[PDB]
Amino acid sequence: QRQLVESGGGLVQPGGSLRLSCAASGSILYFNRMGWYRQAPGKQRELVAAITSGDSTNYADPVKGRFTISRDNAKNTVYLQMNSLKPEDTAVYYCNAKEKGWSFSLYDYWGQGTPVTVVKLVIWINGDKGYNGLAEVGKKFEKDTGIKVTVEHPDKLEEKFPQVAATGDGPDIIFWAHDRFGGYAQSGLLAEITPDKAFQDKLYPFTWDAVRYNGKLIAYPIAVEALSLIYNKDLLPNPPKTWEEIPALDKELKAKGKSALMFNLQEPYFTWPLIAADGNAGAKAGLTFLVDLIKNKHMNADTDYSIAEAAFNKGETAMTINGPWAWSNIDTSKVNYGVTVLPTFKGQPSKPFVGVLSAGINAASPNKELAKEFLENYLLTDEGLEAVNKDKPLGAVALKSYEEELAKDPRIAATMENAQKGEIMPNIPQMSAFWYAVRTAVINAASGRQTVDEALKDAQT
Ligand SMILES: OC[C@H]1O[C@H](O[C@H]2[C@H](O)[C@@H](O)[C@@H](O)O[C@@H]2CO)[C@H](O)[C@@H](O)[C@@H]1O
Numbered sequence: 004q005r006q007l008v009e010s011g012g013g014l015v016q017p018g019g020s021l022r023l024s025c026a027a028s029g030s031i032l033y034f035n036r037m038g039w040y041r042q043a044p045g046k047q048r049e050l051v052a053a054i055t056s057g058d059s060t061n062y063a064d065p066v067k068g069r070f071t072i073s074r075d076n077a078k079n080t081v082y083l084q085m086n087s088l089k090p091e092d093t094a095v096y097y098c099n100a101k102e103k104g105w106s107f108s109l110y111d112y113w114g115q116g117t118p119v120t121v122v123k124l125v126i127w128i129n130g131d132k133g134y135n136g137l138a139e140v141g142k143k144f145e146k147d148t149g150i151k152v153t154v155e156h157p158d159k160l161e162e163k164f165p166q167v168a169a170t171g172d173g174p175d176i177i178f179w180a181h182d183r184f185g186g187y188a189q190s191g192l193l194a195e196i197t198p199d200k201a202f203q204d205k206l207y208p209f210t211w212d213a214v215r216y217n218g219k220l221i222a223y224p225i226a227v228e229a230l231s232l233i234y235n236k237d238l239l240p241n242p243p244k245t246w247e248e249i250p251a252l253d254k255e256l257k258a259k260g261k262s263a264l265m266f267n268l269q270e271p272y273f274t275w276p277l278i279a280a281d282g302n303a304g305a306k307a308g309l310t311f312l313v314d315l316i317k318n319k320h321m322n323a324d325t326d327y328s329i330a331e332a333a334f335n336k337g338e339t340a341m342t343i344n345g346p347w348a349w350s351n352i353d354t355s356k357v358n359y360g361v362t363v364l365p366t367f368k369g370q371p372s373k374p375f376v377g378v379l380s381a382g383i384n385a386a387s388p389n390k391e392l393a394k395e396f397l398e399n400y401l402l403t404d405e406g407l408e409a410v411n412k413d414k415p416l417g418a419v420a421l422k423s424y425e426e427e428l429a430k431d432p433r434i435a436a437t438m439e440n441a442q443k444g445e446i447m448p449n450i451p452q453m454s455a456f457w458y459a460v461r462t463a464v465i466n467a468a469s470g471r472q473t474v475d476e477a478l479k480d481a482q483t
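With PDB author numbering applied, the sequence shown covers 4 to 282, 302 to 483.
Put into structure tokens, the structure is as follows:
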């Protein structure tokens, strides 16, 4: 008879190309029209291109400018050169031919169909983390599978993910401290994690508890992070063990054109350890001290992550409060630094909030099994976490196999010291409203708008 046989269907990265070819068992001269139709899962037939015996070629608006329908009457084949591909293209492509038999009537002919897959693995992780190293793991994944792994780091991703991932597509996998994940889980923005016992057993059982909401695993634990006191050993060999002796040290250092302590005052995660050192009466004590530092001109009013980091790395401030991730940038600079216990306030220790960096799969993602493969077999491995860690340090990784290397690092010891003096954040959905209440409270008291007693009043509501 005159059967049509399609070919060239495979997997490709968006922006890549594919040449579909449909050969017939008869001369294409006899056909009136030849063309390509596509069908995506659960959708109607969509014509993409057609070519008539008159050499006129038409295309659908989505593929127009990107696809060309060609014909070779010698090879008895119709082609579809698909250039600059997109995820919307993903579908089963079918070849169609129409023929006018010698009389008035016509004959429609179809092929088997050829599957075309345009998949891209997109990861959202914060810009203060090791996205370049995470990309080196993503580059090894594409070598062993053929899937593209792009790594994105957009600003305000913790509050841009639940808006974009709900409505739009957003990322496949989202990386953030475990505390934000309960709100995503309650809203239905995260797929339930189902890792086999052998993978499950590779990580510390306490780390899995942080990524659990209502008896369901909602993410993969990566690493335990806690803030420590980072100090310049040359400007300050015996740094303050107490918060209350910093004003004296600052008077001493300001005479030599140097600050004592500069850290991010805008984000409440950095000011919370001082606020929670005693506790209420503890929050009032801790914050009043922080307010007195800005009131005594020891710290700047709008001290943010960048000017604090830059000032410490430049060698302008003797101390800073930051996490594991910040160390690599200090190593890049020529600063002999030390990481140590956070200063004590009112004798008791400053209790930082402990975060578990965790990777969750977006509920509205088609690549859920491909992301599980990346996370399990490529990222959460001795080799995978080493790549991320040599870019920007992860802190105390959740991988059991890393115990000896973590224990050999003095900065990890100081991180674990502060993590024990602190406490793990509950993952609850109210954490977002809580953090916002503390973010405003600290900024208002820092700038000089609301009083310390009125800040805890508005925050407890
Ligand atoms: O600032 C409040 C903010 O703090 C925590 O976020 C940390 C994040 O966990 C760290 O990995 C680091 O990058 O800095 C963030 C603060 O700058 C909480 O996880 C987050 O919910 C909260 O908004």
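For each residue, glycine too, the CB sits at the ideal point set by N, CA and C.
{"Item": "Other residues of its chain near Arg215: CB distance less than 6 angstroms, five sequence neighbours each side excluded", "Value": "none"}
{"Item": "Rounded separation between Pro242 and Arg433 - CA only", "Value": "15 angstroms"}
{"Item": "Through-space distance from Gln42 to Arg48, alpha-carbon basis", "Value": "5 angstroms"}
{"Item": "Sufficient close CB pairs (3 or more, under 8 angstroms) joining the stretch 409-417 to the stretch 190-205", "Value": "no"}
{"Item": "7 angstroms CB neighbourhood of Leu416 in its chain, flanking five on each side removed", "Value": "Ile225, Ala226, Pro346, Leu379, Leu407 and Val410"}
{"Item": "Residues that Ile316 bridges to, as DSSP identifies them", "Value": "For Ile316, which the question treats as bridged, DSSP gives no partner whatsoever."}
{"Item": "Cut-off 6 angstroms between Cβ atoms - residues of its own chain near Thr245, not counting five sequence neighbours on either side", "Value": "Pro365 and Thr366"}
{"Item": "The stretch 169-177 / the stretch 139-147 touching (three or more Cβ pairs under 8 angstroms)", "Value": "no"}
{"Item": "8 angstroms contact criterion, which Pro17 and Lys89 should meet: CB distance rounded", "Value": "5 angstroms"}
{"Item": "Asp182 CB to nearest heavy atom of ligand 3 below 6 angstroms", "Value": "Absence of ligand 3 from the depicted structure is noted, with ligand 1 being the only ligands included."}
{"Item": "Backbone secondary structure at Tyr207 - three-state DSSP", "Value": "coil"}
{"Item": "Rounded separation between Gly186 and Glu162 - CA only", "Value": "11 angstroms"}
{"Item": "For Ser24, the three-state DSSP class (helix, strand or coil)", "Value": "strand"}
{"Item": "Runs of beta strand (DSSP E) wholly within the stretch 196-273 (minimum 3 residues, chain order)", "Value": "223-228, 231-235 and 262-264"}
{"Item": "Residues that DSSP places opposite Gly114 in a beta bridge", "Value": "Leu7"}
{"Item": "Heavy atom of ligand 1 within 6 angstroms of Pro432 beta-carbon", "Value": "no"}
{"Item": "Close Cβ partners of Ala63 (< 7 angstroms) along its chain, the five nearest in sequence each way excluded", "Value": "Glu49, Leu50 and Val51"}
{"Item": "CA nearest to the CA of residue 298, picked from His156, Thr403, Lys443 and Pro448", "Value": "Note on the chain: consecutive modelled numbers read 282 then 302, so residue 298 has no coordinates in the structure shown."}
{"Item": "Which listed residue (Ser24, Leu220, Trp457 and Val361) has its alpha carbon closest to that of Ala435", "Value": "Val361"}
{"Item": "Member of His320, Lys103, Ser87 and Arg74 whose CA lies at the smallest distance from the CA of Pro65", "Value": "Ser87"}
{"Item": "Assigned exposure category for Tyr110 - 16 Cβ within 10 Å defines buried", "Value": "exposed"}
{"Item": "Environment of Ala188 [buried if 16+ CB atoms lie within 10 Å]", "Value": "buried"}
{"Item": "Heavy atom of ligand 1 within 6 angstroms of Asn129 beta-carbon", "Value": "yes"}
{"Item": "Ligand 1 heavy atom lying under 6 angstroms from the CB of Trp39", "Value": "no"}
{"Item": "DSSP-derived helix/strand/coil call for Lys151", "Value": "strand"}
{"Item": "Rounded separation between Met265 and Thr310 - CA only", "Value": "17 angstroms"}
{"Item": "Which of helix, strand or coil DSSP assigns to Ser372", "Value": "coil"}
{"Item": "Whether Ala229 touches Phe184 by CB criterion (7 angstroms)", "Value": "no"}
{"Item": "Supposed close pair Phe178, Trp211 - CB separation, criterion 8 angstroms", "Value": "Going by Cβ atoms, the distance from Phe178 to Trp211 rounds to 17 angstroms, so no, they are not a contact pair."}
{"Item": "Anticipated Cβ contact below 8 angstroms, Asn449 with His181, distance rounded", "Value": "5 angstroms"}
{"Item": "Cβ neighbour criterion (16 or more within 10 Å) applied to residue 485", "Value": "Nothing in the structure corresponds to residue 485, since the chain is present only between 4 and 483."}
{"Item": "Run of the beta strand (DSSP E) containing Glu49, from where it starts to where it stops", "Value": "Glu49 to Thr55"}
{"Item": "Those residues which DSSP pairs with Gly360 across a bridge", "Value": "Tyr234"}
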